[PDB]
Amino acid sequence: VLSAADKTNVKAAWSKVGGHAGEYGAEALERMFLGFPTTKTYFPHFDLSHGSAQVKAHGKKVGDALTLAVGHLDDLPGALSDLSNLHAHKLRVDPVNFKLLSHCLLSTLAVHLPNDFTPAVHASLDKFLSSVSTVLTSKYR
């Protein structure tokens, strides 16, 4: 996955996202919690109410994490090694959930950058997210 052309699209497209990564991560999460209830399970200690300071804060974590990955497409297994241990070994998140977040994330991007969300960029951004999901759900150790 992730060919020369996809990388160019990913790097370019994240560029259009800029510093709203944090805000988009928060919106994506809210869309996931409301759209796919089964995912509320992993956050028993959170305030899942509209406008939560925990959700918004967490969304920020997800945002930088994705920005980090976009800068290490040649070695995702390495740059994300820690998050992988957290999600697959410690938290044991079900892989299906990653597709849901990915969907909610793309849906968030379609909302805010309708003119940059072309079919081609859509296709590249989908593969990028799958690859990140495989690494975080991987247990390569």
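Here, rigid core means the biggest group of C-alpha atoms that superpose within 1.5 Å across both forms. One rule holds for the numbers: they count along the sequence shown, beginning at 1.
The segment moving more, judged by mean Cα distance from this form in 5 other deposited structures of this protein after a core overlay, is 50 to 58 among 50 to 58 and 28 to 36. Taking the root mean square of CA deviations in 5 other deposited structures of this protein after fitting on the rigid core, 110 to 118 and 37 to 45 differ, and the farther of the two is 37 to 45. For the pair 23 to 31 and 46 to 54, the mean B factor over Cα atoms is greater in 46 to 54. For the pair 101 to 109 and 74 to 82, the mean B factor over Cα atoms is greater in 74 to 82. In this PDB entry, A88 carries a Cα temperature factor that places it within the highest third of its chain's modelled residues. Ranked against the other modelled residues of its chain, the C-alpha B-factor of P37 as given in the entry falls in the highest third.
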